[PDB]
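Accompanying notes for the structure given below.
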C-alpha cells in the first residue's frame with residue numbers, strides 16, 4: 012500500500028543485542044499459577060503490583076507500559092510517542108487507580124462489597140481498552156507492529172482482571188449469568204486479538220524480508236519474528252490457557268523461542284534459516300521439543316582456533332543435550348587448541364558477551380551462567396564486547412558459521428522464557 016506514511020522512516024526490525032521485556036514477571040508469575048507464588052495475597056493485588064511495580068517508600072518505577080514506551084521510541088517519531096503518553100496518562104493511569112481502589116475495598120470490606128466497583132472496572136475501563144493500541148491491518152502495518160507490545164500488555168491486563176472475576180465468583184457473589192458474560196468477554200477478546208497478532212506477524216515476516224538485503228536479512232527477519240514472539244505470542248500462550256480453563260490461576264510452561272541479532276560477518280547459512288520458515292529452524296539454534304518442554308543443553312565443549320595475529324579466536328563449539336544428541340557448531344581443524352568443557356549441572360545460560368574482530372573472526376565468546384560460573388572461549392584481540400541478552404529469558408540455543416574458514420565468523424543465540432519449575436522462584 013504506497014500512500015502517505017509518516018512512520019516508515021524509522022522502520023527497523025533488528026532485535027537489540029540487549030532487549031527488554033517489561034512483561035517478564037507478568038509472564039513468569041501468571042504462568043506459575045498465581046496461587047503458587049510464595050508470600051502472595053489475592054490475585055487482584057498480585058496483578059496490580061506486576062503492572063504497576065512499586066517498592067514501599069522511595070523509588071517511583073515506570074509501569075510496564077512506560078517501560079515499553081521507552082523501547083518503542085526508537086521505532087516511531089515523537090508524535091506517536093506523544094499519543095502513546097496521552098493514552099498512558101489517561102486510560103491506563105485511571106485504570107491503575109480504579110484497581111487500587113477495588114483492592115482497598117477488598118481488604119477493608121471484602122469481595123462482595125467490591126462487586127459493584129469490579130463490575131465498573133470491567134464495563135467502563137477494561138472492555139474496549141485494547142482498541143487504543145490496534146491499527147488497521149491494511150498491508151501498511153508498521154505502526155501496528157511498533158505498538159504491539161502496548162497492545163499485548165493491555166490485553167494481558169484485561170484478560171487477567173476479567174478472569175479474576177471467575178476465580179472469585181463465589182466471593183464476589185456473581186450469578187451464572189454474570190459468569191457467562193465474563194467468559195464471553197474473555198473468549199471474544201482472545202479470539203479477536205490472537206487473529207490480529209497472527210496476521211500482523213505474518214505481514215511483518217514478509218515486510219522485513221522485502222526491505223532487507225543479504226547482509227541484514229537474518230537480523231531483519233529473525234528480529235521481526237522475535238518481536239512478535241516476545242510481545243505477542245508469549246502473551247497469547249497465557250491468554251489461551253486462561254480462555255481454555257476459565258480461570259486466572261493456571262499453569263503454562265512456555266516453549267516459544269526468540270532470537271538474538273547475529274554478530275560477525277554475513278553468513279549464507281544464517282540467511283538460509285532466516286529465509287525459511289520458523290517451523291523448520293533446527294538445532295543447535297532452536298531446541299527440539301523433548302516431551303512437554305524444550306531439549307536442554309547439558310554440556311558445552313569448545314576449541315580455540317589457530318593463532319591469528321597473536322590471538323586464538325573461537326574455533327568451534329559442541330553441544331550435548333539432555334536427550335543425548337551431540338551437535339557440532341563448526342567442524343574440526345588441524346590447529347584447534349585449548350579444549351574445554353563445562354557441565355551445566357542444572358544451571359542456565361543467562362547471557363553471552365561476544366567480541367568480533369578482523370579477519371572475519373568471532374574473537375571471544377563468554378557464557379555467563381545462572382550459578383555464577385563463566386565459560387570463556389577464544390581471546391580478546393582488542394575490541395569491545397556486545398552482550399546478547401533478553402530480559403527475563405535465558406539462552407536455549409545458538410548458532411555458529413566458520414564460513415569455510417578455520418574459526419567461527421558469525422554467531423547468534425536463541426532465547427526462552429525463564430522457567431521457575433526448572434530453575435526456582
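In the authors' numbering, the protein residues as written are 12 to 436. Ideal placement from N, C-alpha and C gives every residue a C-beta, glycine not left out.
Exercise. Return the CA-CA distance between residue 290 and residue 336, expressed in angstroms with no decimal places.
Key: 20 Å
Quiz prompt | Inter-residue Cα distance where the pair is residue 9 and residue 245 | solution = The shown model of the chain, from 12 to 436, leaves out residue 9, and the question about it has no answer.
Quiz item: Between 87, 353, 79, 293, which lies nearest to residue 309 when the distance is taken from Cα to Cα?
Solution: 353
Quiz item: Nearest to residue 395 by alpha carbon, out of 202, 368, 350, 166?
Solution: Among 202, 368, 350, 166, the Cα nearest to that of residue 395 is on 368.
Self-check item: For residue 277, the nearest candidate out of 149, 226, 121 (CA to CA)
Solution: 226
Quiz item: If we ignore side chains and look at the alpha-carbon of each, how far apart do residue 120 and residue 397 end up?
Solution: 53 Å
Quiz item: Between the segment 247 to 257 and the segment 396 to 416, do three or more beta carbon pairs fall short of 8 Å?
Solution: no
Self-check item: Boundaries (first-last residue) of the beta strand (DSSP E) holding residue 404
Solution: 404 to 412
Exercise. Report the option in 315, 92, 172 whose CA atom is closest to the CA atom of residue 349.
Key: With respect to the C-alpha of residue 349, the residue from 315, 92, 172 having the closest C-alpha is 315.
Quiz item: Do you know whose CA, among 273, 356, 179, 297, lies nearest residue 420's CA?
Solution: If we check each option's Cα against that of residue 420, 273 comes out closest.
Self-check item: Ranges of the alpha helix (DSSP H) found wholly within the segment 151 to 198, counting only runs of at least 4
Solution: 153 to 178, 180 to 183
Quiz item: In three-state DSSP terms, what is residue 327?
Solution: Three-state result, residue 327: strand.
Practice problem: Would you tell me roughly how many angstroms separate the C-alpha atoms of residue 23 and residue 434, rounded to the nearest one? | Solution: 34 Å
Quiz item: Helix, strand or coil: which one does DSSP assign to residue 418?
Solution: coil
Quiz item: Going by C-alpha distance, which of 219, 134, 191 is nearest residue 157?
Solution: 219
Quiz item: Would you call residue 40 buried or exposed, if buried means 16 or more other Cβ atoms sit within 10 Å of its Cβ?
Solution: buried
Self-check item: Expected contact under 8 Å - CB spacing of residue 341 and residue 328 to nearest Å
Solution: Indeed they touch by this definition, with Cβ atoms about 7 Å apart.
Quiz prompt | C-alpha distance - residue 415 paired with residue 229, whole-angstrom precision | solution = 19 Å
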